[PDB]
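Asker: protein00.tsv is the file, holding TSV, N, CA, C and O atoms:
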chain	number	residue	atom	x	y	z
A	1	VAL	N	-74.42	-59.01	-126.07
A	1	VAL	CA	-73.33	-58.44	-126.82
A	1	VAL	C	-72.92	-59.24	-128.01
A	1	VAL	O	-72.84	-60.47	-127.95
A	2	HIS	N	-72.61	-58.57	-129.10
A	2	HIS	CA	-72.18	-59.28	-130.26
A	2	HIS	C	-70.70	-58.86	-130.11
A	2	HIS	O	-70.36	-57.74	-130.47
A	3	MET	N	-69.81	-59.68	-129.53
A	3	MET	CA	-68.39	-59.21	-129.39
A	3	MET	C	-67.43	-59.80	-130.45
A	3	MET	O	-67.19	-61.00	-130.52
A	4	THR	N	-66.90	-58.88	-131.26
A	4	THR	CA	-65.96	-59.08	-132.37
A	4	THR	C	-64.48	-59.22	-131.85
A	4	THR	O	-63.98	-58.35	-131.15
A	5	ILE	N	-63.84	-60.37	-132.16
A	5	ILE	CA	-62.43	-60.69	-131.76
A	5	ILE	C	-61.56	-60.92	-133.02
A	5	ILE	O	-61.70	-61.89	-133.77
A	6	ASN	N	-60.66	-59.96	-133.19
A	6	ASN	CA	-59.60	-59.74	-134.21
A	6	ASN	C	-58.18	-60.00	-133.74
A	6	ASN	O	-57.49	-60.75	-134.35
A	7	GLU	N	-57.69	-59.41	-132.66
A	7	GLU	CA	-56.34	-59.80	-132.32
A	7	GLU	C	-56.39	-61.19	-131.74
A	7	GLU	O	-55.90	-62.14	-132.34
A	8	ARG	N	-57.02	-61.31	-130.58
A	8	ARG	CA	-57.10	-62.59	-129.90
A	8	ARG	C	-55.63	-62.87	-129.56
A	8	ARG	O	-55.20	-64.01	-129.40
A	9	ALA	N	-54.88	-61.77	-129.46
A	9	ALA	CA	-53.45	-61.81	-129.16
A	9	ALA	C	-53.21	-61.93	-127.67
A	9	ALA	O	-52.84	-63.00	-127.18
A	10	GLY	N	-53.41	-60.84	-126.94
A	10	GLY	CA	-53.24	-60.87	-125.51
A	10	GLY	C	-54.34	-61.73	-124.94
A	10	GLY	O	-54.28	-62.95	-125.03
A	11	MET	N	-55.37	-61.10	-124.38
A	11	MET	CA	-56.50	-61.83	-123.84
A	11	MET	C	-56.06	-63.04	-123.03
A	11	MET	O	-55.72	-64.08	-123.60
A	12	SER	N	-56.07	-62.89	-121.72
A	12	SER	CA	-55.66	-63.97	-120.86
A	12	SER	C	-56.50	-65.22	-121.09
A	12	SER	O	-57.68	-65.16	-121.46
A	13	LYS	N	-55.85	-66.35	-120.86
A	13	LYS	CA	-56.45	-67.65	-121.03
A	13	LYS	C	-57.67	-67.46	-120.15
A	13	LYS	O	-58.78	-67.88	-120.48
A	14	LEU	N	-57.44	-66.80	-119.02
A	14	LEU	CA	-58.51	-66.53	-118.08
A	14	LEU	C	-59.65	-65.64	-118.60
A	14	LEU	O	-60.81	-65.93	-118.33
A	15	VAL	N	-59.34	-64.58	-119.34
A	15	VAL	CA	-60.42	-63.73	-119.84
A	15	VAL	C	-61.27	-64.60	-120.77
A	15	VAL	O	-62.50	-64.50	-120.76
A	16	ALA	N	-60.64	-65.47	-121.53
A	16	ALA	CA	-61.37	-66.36	-122.44
A	16	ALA	C	-62.29	-67.42	-121.83
A	16	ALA	O	-63.40	-67.67	-122.35
A	17	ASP	N	-61.85	-68.02	-120.73
A	17	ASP	CA	-62.61	-69.05	-120.05
A	17	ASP	C	-63.96	-68.36	-119.92
A	17	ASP	O	-65.05	-68.82	-120.38
A	18	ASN	N	-63.87	-67.18	-119.34
A	18	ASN	CA	-65.07	-66.39	-119.11
A	18	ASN	C	-65.97	-65.94	-120.25
A	18	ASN	O	-67.18	-66.05	-120.13
A	19	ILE	N	-65.42	-65.45	-121.34
A	19	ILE	CA	-66.30	-65.04	-122.43
A	19	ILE	C	-66.96	-66.19	-123.12
A	19	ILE	O	-68.12	-66.04	-123.56
A	20	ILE	N	-66.23	-67.26	-123.39
A	20	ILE	CA	-66.83	-68.35	-124.13
A	20	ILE	C	-67.93	-68.90	-123.21
A	20	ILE	O	-69.13	-69.20	-123.56
A	21	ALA	N	-67.47	-68.98	-121.97
A	21	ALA	CA	-68.23	-69.46	-120.87
A	21	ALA	C	-69.49	-68.59	-120.73
A	21	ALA	O	-70.59	-69.12	-120.55
A	22	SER	N	-69.35	-67.27	-120.81
A	22	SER	CA	-70.52	-66.40	-120.70
A	22	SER	C	-71.27	-66.29	-122.01
A	22	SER	O	-72.40	-65.81	-122.02
A	23	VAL	N	-70.69	-66.72	-123.12
A	23	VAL	CA	-71.50	-66.57	-124.30
A	23	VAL	C	-72.65	-67.42	-123.87
A	23	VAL	O	-73.80	-67.03	-123.92
A	24	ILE	N	-72.32	-68.60	-123.40
A	24	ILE	CA	-73.33	-69.52	-122.96
A	24	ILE	C	-74.43	-68.96	-122.06
A	24	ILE	O	-75.58	-68.72	-122.49
A	25	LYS	N	-74.03	-68.70	-120.83
A	25	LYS	CA	-74.91	-68.18	-119.80
A	25	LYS	C	-75.66	-66.93	-120.18
A	25	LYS	O	-76.79	-66.74	-119.74
A	26	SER	N	-75.06	-66.05	-120.97
A	26	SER	CA	-75.84	-64.86	-121.28
A	26	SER	C	-76.24	-64.59	-122.74
A	26	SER	O	-76.63	-63.47	-123.08
A	27	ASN	N	-76.15	-65.60	-123.60
A	27	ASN	CA	-76.52	-65.41	-125.02
A	27	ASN	C	-75.60	-64.48	-125.80
A	27	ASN	O	-75.99	-63.96	-126.85
A	28	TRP	N	-74.40	-64.25	-125.30
A	28	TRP	CA	-73.46	-63.40	-125.92
A	28	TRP	C	-73.06	-64.11	-127.16
A	28	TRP	O	-73.17	-65.32	-127.22
A	29	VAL	N	-72.60	-63.37	-128.14
A	29	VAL	CA	-72.17	-63.98	-129.36
A	29	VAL	C	-70.78	-63.43	-129.57
A	29	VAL	O	-70.63	-62.22	-129.57
A	30	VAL	N	-69.77	-64.27	-129.76
A	30	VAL	CA	-68.43	-63.74	-129.97
A	30	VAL	C	-68.10	-64.02	-131.39
A	30	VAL	O	-68.27	-65.12	-131.92
A	31	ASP	N	-67.63	-63.00	-132.05
A	31	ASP	CA	-67.36	-63.28	-133.48
A	31	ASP	C	-65.82	-63.33	-133.67
A	31	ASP	O	-65.09	-62.29	-133.63
A	32	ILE	N	-65.33	-64.55	-133.89
A	32	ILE	CA	-63.90	-64.78	-134.09
A	32	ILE	C	-63.48	-64.86	-135.57
A	32	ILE	O	-64.03	-65.65	-136.42
A	33	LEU	N	-62.47	-64.03	-135.86
A	33	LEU	CA	-61.88	-63.90	-137.20
A	33	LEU	C	-60.38	-64.18	-137.57
A	33	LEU	O	-60.06	-63.98	-138.74
A	34	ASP	N	-59.45	-64.60	-136.70
A	34	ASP	CA	-58.09	-64.78	-137.30
A	34	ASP	C	-57.86	-66.22	-136.99
A	34	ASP	O	-56.88	-66.55	-136.35
A	35	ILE	N	-58.77	-67.07	-137.47
A	35	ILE	CA	-58.74	-68.49	-137.21
A	35	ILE	C	-58.25	-69.48	-138.28
A	35	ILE	O	-57.35	-70.27	-137.99
A	36	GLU	N	-58.82	-69.49	-139.48
A	36	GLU	CA	-58.37	-70.42	-140.51
A	36	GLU	C	-58.57	-71.89	-140.12
A	36	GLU	O	-57.72	-72.50	-139.45
A	37	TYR	N	-59.67	-72.48	-140.57
A	37	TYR	CA	-60.00	-73.86	-140.25
A	37	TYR	C	-60.67	-74.43	-141.47
A	37	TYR	O	-61.55	-73.79	-142.02
A	38	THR	N	-60.28	-75.63	-141.88
A	38	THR	CA	-60.91	-76.26	-143.03
A	38	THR	C	-62.23	-76.68	-142.43
A	38	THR	O	-62.46	-76.38	-141.26
A	39	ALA	N	-63.09	-77.38	-143.17
A	39	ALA	CA	-64.38	-77.81	-142.60
A	39	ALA	C	-65.02	-79.02	-143.26
A	39	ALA	O	-65.79	-78.89	-144.20
A	40	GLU	N	-64.71	-80.22	-142.76
A	40	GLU	CA	-65.28	-81.45	-143.31
A	40	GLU	C	-66.80	-81.39	-143.18
A	40	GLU	O	-67.31	-80.50	-142.53
A	41	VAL	N	-67.53	-82.32	-143.79
A	41	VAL	CA	-68.99	-82.30	-143.69
A	41	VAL	C	-69.62	-83.69	-143.65
A	41	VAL	O	-70.63	-83.92	-144.32
A	42	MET	N	-69.06	-84.60	-142.84
A	42	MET	CA	-69.56	-85.98	-142.75
A	42	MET	C	-71.04	-86.15	-142.47
A	42	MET	O	-71.63	-85.39	-141.71
A	43	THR	N	-71.60	-87.18	-143.09
A	43	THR	CA	-73.02	-87.54	-143.00
A	43	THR	C	-73.43	-88.29	-141.74
A	43	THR	O	-72.63	-89.01	-141.15
A	44	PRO	N	-74.70	-88.15	-141.34
A	44	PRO	CA	-75.26	-88.80	-140.15
A	44	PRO	C	-75.10	-90.30	-140.17
A	44	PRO	O	-76.05	-91.03	-140.44
A	45	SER	N	-73.89	-90.75	-139.88
A	45	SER	CA	-73.56	-92.16	-139.87
A	45	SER	C	-72.18	-92.27	-139.23
A	45	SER	O	-71.90	-93.21	-138.48
A	46	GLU	N	-71.32	-91.31	-139.55
A	46	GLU	CA	-69.99	-91.25	-138.99
A	46	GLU	C	-69.98	-89.95	-138.21
A	46	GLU	O	-68.96	-89.28	-138.09
A	47	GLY	N	-71.16	-89.60	-137.69
A	47	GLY	CA	-71.34	-88.37	-136.94
A	47	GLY	C	-70.29	-87.89	-135.94
A	47	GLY	O	-70.39	-88.15	-134.74
A	48	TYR	N	-69.29	-87.17	-136.43
A	48	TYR	CA	-68.26	-86.61	-135.57
A	48	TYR	C	-67.28	-87.62	-135.04
A	48	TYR	O	-67.62	-88.76	-134.75
A	49	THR	N	-66.05	-87.15	-134.90
A	49	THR	CA	-64.95	-87.95	-134.40
A	49	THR	C	-63.90	-86.92	-134.04
A	49	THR	O	-62.72	-87.23	-133.88
B	1	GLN	N	-53.17	-25.69	-78.68
B	1	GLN	CA	-51.87	-26.07	-79.23
B	1	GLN	C	-50.86	-26.34	-78.13
B	1	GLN	O	-51.03	-25.88	-77.00
B	2	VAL	N	-49.80	-27.08	-78.45
B	2	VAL	CA	-48.82	-27.39	-77.42
B	2	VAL	C	-47.36	-27.46	-77.84
B	2	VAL	O	-47.02	-27.59	-79.02
B	3	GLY	N	-46.49	-27.37	-76.84
B	3	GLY	CA	-45.08	-27.45	-77.07
B	3	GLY	C	-44.82	-28.19	-78.37
B	3	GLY	O	-44.67	-27.54	-79.40
B	4	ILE	N	-44.83	-29.52	-78.33
B	4	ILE	CA	-44.56	-30.39	-79.48
B	4	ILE	C	-43.21	-31.01	-79.17
B	4	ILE	O	-42.22	-30.43	-79.53
B	5	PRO	N	-43.14	-32.19	-78.51
B	5	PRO	CA	-41.80	-32.70	-78.24
B	5	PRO	C	-40.87	-32.46	-79.42
B	5	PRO	O	-41.26	-32.65	-80.56
B	6	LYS	N	-39.66	-32.01	-79.13
B	6	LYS	CA	-38.67	-31.71	-80.15
B	6	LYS	C	-38.73	-30.22	-80.53
B	6	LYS	O	-37.79	-29.47	-80.28
B	7	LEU	N	-39.84	-29.78	-81.12
B	7	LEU	CA	-39.98	-28.36	-81.47
B	7	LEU	C	-40.17	-27.56	-80.16
B	7	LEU	O	-40.74	-26.47	-80.15
B	8	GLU	N	-39.68	-28.13	-79.06
B	8	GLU	CA	-39.81	-27.51	-77.75
B	8	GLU	C	-38.82	-28.11	-76.79
B	8	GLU	O	-38.61	-29.33	-76.77
B	9	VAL	N	-38.24	-27.23	-75.99
B	9	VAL	CA	-37.25	-27.55	-74.97
B	9	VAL	C	-36.44	-28.81	-75.26
B	9	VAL	O	-35.86	-28.96	-76.33
B	10	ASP	N	-36.41	-29.72	-74.28
B	10	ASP	CA	-35.67	-30.95	-74.42
B	10	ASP	C	-36.22	-32.02	-73.50
B	10	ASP	O	-35.83	-33.17	-73.61
B	11	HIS	N	-37.12	-31.65	-72.60
B	11	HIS	CA	-37.67	-32.63	-71.68
B	11	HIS	C	-37.97	-33.91	-72.44
B	11	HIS	O	-38.97	-33.99	-73.13
B	12	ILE	N	-37.09	-34.90	-72.34
B	12	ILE	CA	-37.35	-36.14	-73.04
B	12	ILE	C	-38.62	-36.61	-72.43
B	12	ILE	O	-38.62	-36.87	-71.24
B	13	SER	N	-39.71	-36.73	-73.17
B	13	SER	CA	-40.92	-37.25	-72.57
B	13	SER	C	-40.89	-38.75	-72.70
B	13	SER	O	-40.32	-39.28	-73.63
B	14	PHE	N	-41.56	-39.44	-71.80
B	14	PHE	CA	-41.56	-40.89	-71.84
B	14	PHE	C	-42.92	-41.47	-71.95
B	14	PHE	O	-43.35	-42.14	-71.03
B	15	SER	N	-43.59	-41.23	-73.06
B	15	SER	CA	-44.93	-41.76	-73.26
B	15	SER	C	-45.51	-41.11	-74.50
B	15	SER	O	-45.68	-39.90	-74.53
B	16	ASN	N	-45.84	-41.88	-75.52
B	16	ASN	CA	-46.42	-41.24	-76.68
B	16	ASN	C	-47.58	-41.93	-77.36
B	16	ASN	O	-48.16	-42.87	-76.84
B	17	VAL	N	-47.95	-41.37	-78.47
B	17	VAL	CA	-49.03	-42.02	-79.03
B	17	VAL	C	-48.35	-42.51	-80.24
B	17	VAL	O	-47.94	-41.74	-81.11
B	18	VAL	N	-48.14	-43.80	-80.28
B	18	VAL	CA	-47.46	-44.33	-81.40
B	18	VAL	C	-48.58	-45.01	-82.09
B	18	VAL	O	-49.42	-45.61	-81.42
B	19	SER	N	-48.62	-44.90	-83.41
B	19	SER	CA	-49.67	-45.52	-84.19
B	19	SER	C	-49.14	-46.77	-84.81
B	19	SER	O	-48.07	-46.78	-85.40
B	20	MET	N	-49.80	-47.87	-84.69
B	20	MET	CA	-49.15	-48.98	-85.29
B	20	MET	C	-50.19	-49.80	-85.95
B	20	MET	O	-51.43	-49.66	-85.74
B	21	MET	N	-49.62	-50.68	-86.76
B	21	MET	CA	-50.36	-51.60	-87.54
B	21	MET	C	-50.91	-52.76	-86.75
B	21	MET	O	-50.21	-53.60	-86.18
B	22	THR	N	-52.21	-52.72	-86.78
B	22	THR	CA	-53.18	-53.63	-86.21
B	22	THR	C	-52.91	-55.03	-86.22
B	22	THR	O	-53.53	-55.79	-85.44
B	23	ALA	N	-52.01	-55.37	-87.11
B	23	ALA	CA	-51.67	-56.80	-87.15
B	23	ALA	C	-50.67	-56.95	-88.26
B	23	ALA	O	-50.60	-56.09	-89.13
B	24	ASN	N	-49.90	-58.04	-88.27
B	24	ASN	CA	-48.88	-58.19	-89.30
B	24	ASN	C	-49.31	-57.71	-90.67
B	24	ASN	O	-50.47	-57.89	-91.04
B	25	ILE	N	-48.39	-57.11	-91.43
B	25	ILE	CA	-48.73	-56.57	-92.75
B	25	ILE	C	-48.28	-57.41	-93.92
B	25	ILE	O	-48.79	-57.24	-95.01
B	26	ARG	N	-47.33	-58.32	-93.73
B	26	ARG	CA	-46.91	-59.14	-94.86
B	26	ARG	C	-47.19	-60.61	-94.69
B	26	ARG	O	-46.28	-61.43	-94.52
B	27	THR	N	-48.48	-60.95	-94.77
B	27	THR	CA	-48.93	-62.33	-94.62
B	27	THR	C	-49.53	-62.91	-95.91
B	27	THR	O	-50.63	-62.53	-96.33
B	28	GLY	N	-48.78	-63.83	-96.51
B	28	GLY	CA	-49.20	-64.51	-97.73
B	28	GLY	C	-49.91	-63.70	-98.80
B	28	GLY	O	-49.92	-62.47	-98.77
B	29	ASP	N	-50.50	-64.42	-99.75
B	29	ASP	CA	-51.23	-63.82	-100.87
B	29	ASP	C	-50.37	-62.87	-101.69
B	29	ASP	O	-50.80	-61.77	-102.04
B	30	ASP	N	-49.14	-63.29	-102.00
B	30	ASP	CA	-48.22	-62.47	-102.78
B	30	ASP	C	-48.75	-62.28	-104.21
B	30	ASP	O	-49.05	-63.26	-104.90
B	31	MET	N	-48.86	-61.02	-104.64
B	31	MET	CA	-49.35	-60.70	-105.98
B	31	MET	C	-48.72	-61.63	-106.99
B	31	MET	O	-47.61	-62.09	-106.79
B	32	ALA	N	-49.44	-61.92	-108.06
B	32	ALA	CA	-48.91	-62.80	-109.08
B	32	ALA	C	-49.71	-62.46	-110.40
B	32	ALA	O	-50.96	-62.59	-110.51
B	33	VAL	N	-48.95	-61.99	-111.39
B	33	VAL	CA	-49.49	-61.59	-112.70
B	33	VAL	C	-49.13	-62.77	-113.70
B	33	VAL	O	-47.97	-63.43	-113.64
B	34	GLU	N	-50.08	-62.98	-114.63
B	34	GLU	CA	-50.00	-63.99	-115.69
B	34	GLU	C	-49.35	-63.24	-116.86
B	34	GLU	O	-49.72	-62.09	-117.12
B	35	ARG	N	-48.49	-63.92	-117.55
B	35	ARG	CA	-47.95	-63.21	-118.62
B	35	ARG	C	-48.13	-63.83	-119.99
B	35	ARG	O	-47.86	-65.02	-120.19
B	36	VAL	N	-48.59	-63.01	-120.93
B	36	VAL	CA	-48.80	-63.45	-122.29
B	36	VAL	C	-47.81	-62.68	-123.11
B	36	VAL	O	-47.72	-61.44	-122.99
B	37	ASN	N	-47.07	-63.41	-123.94
B	37	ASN	CA	-46.08	-62.80	-124.79
B	37	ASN	C	-46.57	-62.73	-126.16
B	37	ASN	O	-47.31	-63.60	-126.67
B	38	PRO	N	-46.16	-61.68	-126.81
B	38	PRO	CA	-46.71	-61.62	-128.17
B	38	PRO	C	-46.42	-62.93	-128.89
B	38	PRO	O	-45.41	-63.59	-128.62
B	39	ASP	N	-47.29	-63.31	-129.82
B	39	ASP	CA	-47.15	-64.56	-130.55
B	39	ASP	C	-46.55	-64.46	-131.96
B	39	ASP	O	-46.82	-65.32	-132.79
B	40	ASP	N	-45.74	-63.45	-132.24
B	40	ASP	CA	-45.18	-63.33	-133.58
B	40	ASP	C	-43.78	-62.72	-133.69
B	40	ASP	O	-43.08	-63.00	-134.65
B	41	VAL	N	-43.39	-61.91	-132.71
B	41	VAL	CA	-42.07	-61.26	-132.72
B	41	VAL	C	-41.65	-60.84	-134.13
B	41	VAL	O	-40.52	-61.08	-134.55
B	42	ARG	N	-42.59	-60.23	-134.85
B	42	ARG	CA	-42.33	-59.76	-136.20
B	42	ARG	C	-43.44	-58.83	-136.58
B	42	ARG	O	-43.37	-58.16	-137.61
B	43	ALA	N	-44.48	-58.79	-135.77
B	43	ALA	CA	-45.60	-57.91	-136.02
B	43	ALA	C	-45.80	-57.14	-134.73
B	43	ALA	O	-46.91	-57.04	-134.20
B	44	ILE	N	-44.70	-56.59	-134.23
B	44	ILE	CA	-44.72	-55.86	-132.97
B	44	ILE	C	-44.53	-54.36	-133.12
B	44	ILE	O	-43.44	-53.85	-132.85
B	45	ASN	N	-45.58	-53.66	-133.52
B	45	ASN	CA	-45.56	-52.20	-133.71
B	45	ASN	C	-44.23	-51.53	-133.45
B	45	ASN	O	-43.49	-51.23	-134.39
B	46	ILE	N	-43.94	-51.28	-132.18
B	46	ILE	CA	-42.69	-50.64	-131.75
B	46	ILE	C	-42.64	-49.17	-132.11
B	46	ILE	O	-42.11	-48.37	-131.35
B	47	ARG	N	-43.20	-48.81	-133.26
B	47	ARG	CA	-43.20	-47.42	-133.73
B	47	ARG	C	-43.98	-46.51	-132.83
B	47	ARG	O	-44.44	-46.92	-131.78
B	48	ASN	N	-44.12	-45.26	-133.27
B	48	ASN	CA	-44.85	-44.22	-132.54
B	48	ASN	C	-44.18	-43.86	-131.22
B	48	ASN	O	-43.75	-44.74	-130.47
B	49	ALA	N	-44.10	-42.56	-130.95
B	49	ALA	CA	-43.49	-42.06	-129.72
B	49	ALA	C	-42.02	-42.46	-129.63
B	49	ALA	O	-41.72	-43.45	-128.92
Let me see the file written as structure tokens.
Answerer:
Amino acid sequence: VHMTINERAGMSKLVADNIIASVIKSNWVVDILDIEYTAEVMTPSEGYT
Amino acid sequence: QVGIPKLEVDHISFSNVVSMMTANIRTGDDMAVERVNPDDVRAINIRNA
């Protein structure tokens, strides 16, 4: 499933554990859109923090 | 077909077929719903109907 998420309003904390969790186990892809996140791009030396 | 205690004479009969519950009916596992409240209290439709 390519599952598109727009409200992300209700959706129990519990329903989510499962979808993110199942994206994994079943190759599901969830497409999230009301997020807003900047995006740094550090080089392979300070790899993530 | 038969008399039908009550819908017949008055002979108080002393023996019936009472149907009862096989075992206690209110034992633990009380329903419990999770609640998510809208996250904006300003974008709450309300309209229609």
Asker: Mind pulling up the distance from atom O of residue 48 in chain A to CA of residue 16 in chain A?
Answerer: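 These two atoms are separated by 26.3 Å.
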Asker: Define the interface residues of chain A facing chain B as those within 8 Å, counting only N, CA, C and O atoms, and report them as a ChimeraX atom specification.
Answerer: /A:8-13
Asker: Work out how far apart atom C of residue 6 in chain A and atom O of residue 30 in chain A are and give it in Å to one decimal.
Answerer: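 According to the coordinates, atom C of residue 6 in chain A and atom O of residue 30 in chain A are separated by 11.5 Å.
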Asker: If we draw a sphere of 7 Å around (-66.0, -60.0, -133.1), which residues have at least one atom in it when counting all atoms listed in the file? Please report them as a list in words.
Answerer: residues 2, 3, 4, 5, 6, 29, 30, 31, 32 and 33 of chain A
